[PDB]
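Working notes for the structure below.
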Amino acid sequence: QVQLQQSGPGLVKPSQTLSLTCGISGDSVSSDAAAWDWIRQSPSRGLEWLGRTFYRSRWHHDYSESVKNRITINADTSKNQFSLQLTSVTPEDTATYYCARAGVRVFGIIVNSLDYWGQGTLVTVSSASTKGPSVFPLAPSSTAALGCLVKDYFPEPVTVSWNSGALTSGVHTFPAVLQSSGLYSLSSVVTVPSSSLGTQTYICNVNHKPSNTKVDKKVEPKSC
Amino acid sequence: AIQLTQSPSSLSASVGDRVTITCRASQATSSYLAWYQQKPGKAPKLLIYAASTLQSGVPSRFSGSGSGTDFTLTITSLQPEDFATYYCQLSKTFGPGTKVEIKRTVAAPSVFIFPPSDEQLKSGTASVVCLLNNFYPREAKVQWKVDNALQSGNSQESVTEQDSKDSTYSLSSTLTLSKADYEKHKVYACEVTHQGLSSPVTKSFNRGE
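See the structure below:
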């Protein structure tokens, strides 16, 4: 596959500028068979195409009417990347932003279907401050369930692993909920054999990149 | 400028069912219709392009047809892994999506209750968590009772997306009280009503026990 690696901060204050980058491996950003798109997705508006850059005899730009006069998409040939800049953002621009490659060969031509996608960047438009989570154990009861409560952080997202990624079976990490404080909270749980509770260690690894927070919490039976 | 609609907007179908999803365009075009499949936490994945050409590696139970302004995606024998939202695309426009859920036999939740940690109580707040694990259908009734007094307005629920292997859901309900309010009561109970249970399941603890 062509690999698309997204980077850039998610949190943008109202009226300021969203800036994201998409690094390309396995194709050249200048290829005359490719086009490079930005797409965003939100619960309200679904999937929306934002714009496109591509090189033929020169560089071309095509942008959506929905972001008229606010969008710039530039390619960097030396770094083999392309970028998105969206100015004067409002809460309507809160969304998950994807880069993508347009172009599939069929019928001896190229149709502009999106064969490869970046991983997505959640972009939150808000004036509020970043805050890292507190992490609390959900201790197994004295066949068994245990977990971590990941409470009071902003903005989304957090990632949770178990035993540094070794433990995946039986894990459920719930979608976060926005509390009345304006801070998010979620829990991550896992079911494990009851017989393991004394001898197998269980540690949840919580990463909240916007606050540079990394927390490991060991989850063990409550003593007394 | 073209606009796309999709029908149905959502559906629930059993494993092995033939599933048909339609995409309608507001006008004819020179562009070629593509179908995408999007699973939770992931980018959309291209399944079909040029209306009927299957992307390499996609199972042959997926097929696309149609012409003019009316197009169809057919799944000949729905599988658990086919839980997803399916989107059509024409020129630069995406359809609104069709959410496909797998209908399976009833599965009762396994229920667990967690008291607040001592660490959190020092901070002045108490979170009590009730977990409903691996159940179907998604609908469930969770009631918090504190000293047998029904709670209202102090809890929040969250539900996982349908599991791609066993087609179940899990759910958390979190009761939040101040440390002071938590300390004025003894019996904390989560009572679960669900189609898979012939009578409600209650899990409880006594604060300090």
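Protein chains in written order, with the entry's author numbering: chain A, 1 to 35, 35A to 35B, 36 to 52, 52A to 52B, 53 to 82, 82A to 82C, 83 to 100, 100A to 100G, 101 to 128, 135 to 216; chain B, 1 to 91, 96 to 213.
All residues carry an ideal CB built from backbone N, CA and C; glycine is no exception.
Put simply, the CB of A:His56 is far from chain B, with every gap to its CB atoms at 8 Å or more. Under DSSP, no beta-bridge partner is assigned to A:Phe100.
Per DSSP, the continuous beta strand (DSSP E) segment holding B:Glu105 begins and ends at 102-107.
Rounded to the nearest whole angstrom, the CA to CA distance from A:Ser156 to A:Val163 is 13 Å. Counted as a single uninterrupted DSSP element, the alpha helix (DSSP H) harbouring B:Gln124 occupies residues 122-126. Looking at the DSSP output, A:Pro185 bridges to nothing. Rounded to whole angstroms, the gap between the alpha carbons of A:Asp86 and A:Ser186 is 47 Å. Taking the beta carbon of A:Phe166 as reference, the chain B residues within 7 Å of it are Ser162, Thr164, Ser176, listed in sequence order.
With contacts defined as CB atoms closer than 8 Å, A:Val211 and A:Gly104 fail to qualify as a contacting pair.
Between A:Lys209 and A:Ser173, the alpha-carbon positions lie close to 24 Å from each other. Selection B:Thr172, B:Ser127, B:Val132 evaluated against B:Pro141 yields B:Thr172 as nearest (Cα-Cα).
Scanning the segment 20-70 of chain B from its first residue to its last, the whole beta strand (DSSP E) runs of 3-plus residues come out as 34-38, 45-49, 62-67. CA-CA distance, A:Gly8 to B:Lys42, rounds to 18 Å. Under a criterion of Cβ atoms nearer than 9 Å, the residues of chain A adjacent to B:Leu46 are, in order, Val97, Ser100F, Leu100G, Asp101, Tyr102, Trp103. Counting along the chain, A:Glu61 sits inside no beta strand (DSSP E), nor does DSSP assign it H or E at all.
Under the Cβ criterion of 8 Å, B:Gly101 is counted among the residues facing chain A. Residue-level contact by beta carbon holds for B:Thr53 and chain A, with a gap shorter than 8 Å. Apart from sequence neighbours up to five positions away, the residues of its chain that approach A:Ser19 with a beta-carbon distance below 6 Å are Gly8, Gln81, ordered along the chain.
Here B:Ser65 has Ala51, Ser52, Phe71, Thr72, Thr74 as same chain residues with Cβ atoms under 8 Å from its own Cβ, once five neighbours each way along the sequence are excluded. Using a CB distance cut-off of 8 Å, B:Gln37 does not count as an interface residue toward chain A. When the Cα atoms are used, B:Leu136 and B:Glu105 turn out to be separated by approximately 19 Å.
At least one CB atom of chain B sits nearer than 8 Å to the CB of A:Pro123.
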